[PDB]
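J.: Quick one: structure below, then a few questions.
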Ligand SMILES: SC[C@H]1SC[C@@H]2Nc3ccccc3N21
Ligand SMILES: [Zn+2]
Ligand SMILES: [Zn+2]
């Protein structure tokens with residue numbers, strides 16, 4: 001917890017820019033483990049990146065949005081099929097929110113014990129989302145960097161800001177380690193591809209660290225170089 005953070009139930013919210021917030025939820029494992037996602041205000045609507053670990057926690061994200069922003073949530077995008085990112089899908093579907101994930105994330109979801117998203121994103125060979133599969137994503141710029149943390153992991157830049165979201169692919173520059181589902185061969189190149197896709201992002205948001213500078217990307221890639 002840090003100055004300027006807002007506690008709402010057992011969740012924490014931090015404003016990162018005029019129209020961007022980080023949501024943080026916690027699961028006991030080892031102690032409490034944090035997972036971060038994003039909330040974006042885009043005109044008269046709100047966009048969400050990643051659920052919380054659980055449905056009840058994700059419901060509280062929606063309650064916080066109602067109180068602090070009071071705009072309808074148009075869509076949510078989730079960045080791979082693990083519990084921290086997709087554990088709360090039912091809360092979104094119960095609320096009528098359109099949900100999006102990598103097609104591979106939706107294909108893996110049943111095996112991972114997750115509820116698949118309603119819609120599937122596909123990607124070009126250069127990693128950029130096929131625009132037809134990302135309808136009305138507004139400032140959310142979705143990029144598939146290649147296999148790393150998982151084979152399905154995706155990343156999201158926030159257009160009009162200096163923020164890019166690396167999900168669980170990127171760790172901060174103080175991390176000592178990065179891998180059960182991981183592609184250790186391609187991880188380093190995937191980390192570097194994320195950096196090259198969002199070359200002007202100066203605030204890197206990630207799932208299990210507080211926001212960091214671009215050094216988080218390079219430090220992560222150099223740690224991943226050692227896995228090969
Ligand atoms: S990246 C998916 C999440 S869900 C359970 C597993 N173990 C773990 C431990 C610490 C941080 C994150 C994690 N992961
Ligand atoms: Zn994961
Ligand atoms: Zn994670």
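Indices start at 1 and increase along the chain as displayed.
Technique stated in the header: X-ray crystallography, 1.6 Å.
Quick reminder: no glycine exception, Cβ is built from N, Cα and C everywhere.
Below, the features straight out of Swiss-Prot:
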BINDING   80, 82, 149  Zn(2+) 1 binding site
BINDING   84, 168, 208  Zn(2+) 2 binding site
J.: Out of 80, 208, give me whichever of these binding-site residues has the highest number of other Cβ atoms within 10 Å.
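T.: Most Cβ neighbours within 10 Å: 80.
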J.: If I take the alpha carbons of residue 80 (Zn(2+) 1 binding site) and residue 208 (Zn(2+) 2 binding site), what is the distance between them in whole Å?
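T.: Checking the Cα atoms of residue 80 (Zn(2+) 1 binding site) and residue 208 (Zn(2+) 2 binding site) gives a distance of 14 Å.
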J.: For the recorded Zn(2+) 1 site formed by 80, 82, 149, name the remaining residues of the chain with Cβ within 8 Å of the site's Cβ center, in chain order.
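T.: Other same-chain residues with Cβ inside the cutoff are 79, 81, 84, 85, 150, 152, 153, 167, 168, 169, 181.
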J.: Look up residue 208 (Zn(2+) 2 binding site) in the DSSP assignment and report helix, strand or coil.
T.: coil
J.: Using the Cβ centroid of 84, 168, 208 as the reference point for the Zn(2+) 2 site, which residues of the same chain not in that list have Cβ within 8 Å?
T.: 35, 36, 82, 85, 167, 206, 207
J.: Gap of 2 residues, residue 29 to residue 30: Cα distance in Å, to the nearest whole number?
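T.: The answer is 5 Å, taken between the two Cα atoms.
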J.: Distance between the Cα atoms of residue 178 and residue 179, in Å as an integer, please; the 2 residues between them are unmodelled.
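T.: Cα to Cα across the gap: 7 Å.
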J.: I'd like to know which of the binding-site residues listed (82, 168, 208) lie near ligand 2, counting only a CB under 6 Å away.
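T.: Close enough to ligand 2 are 82, 168.
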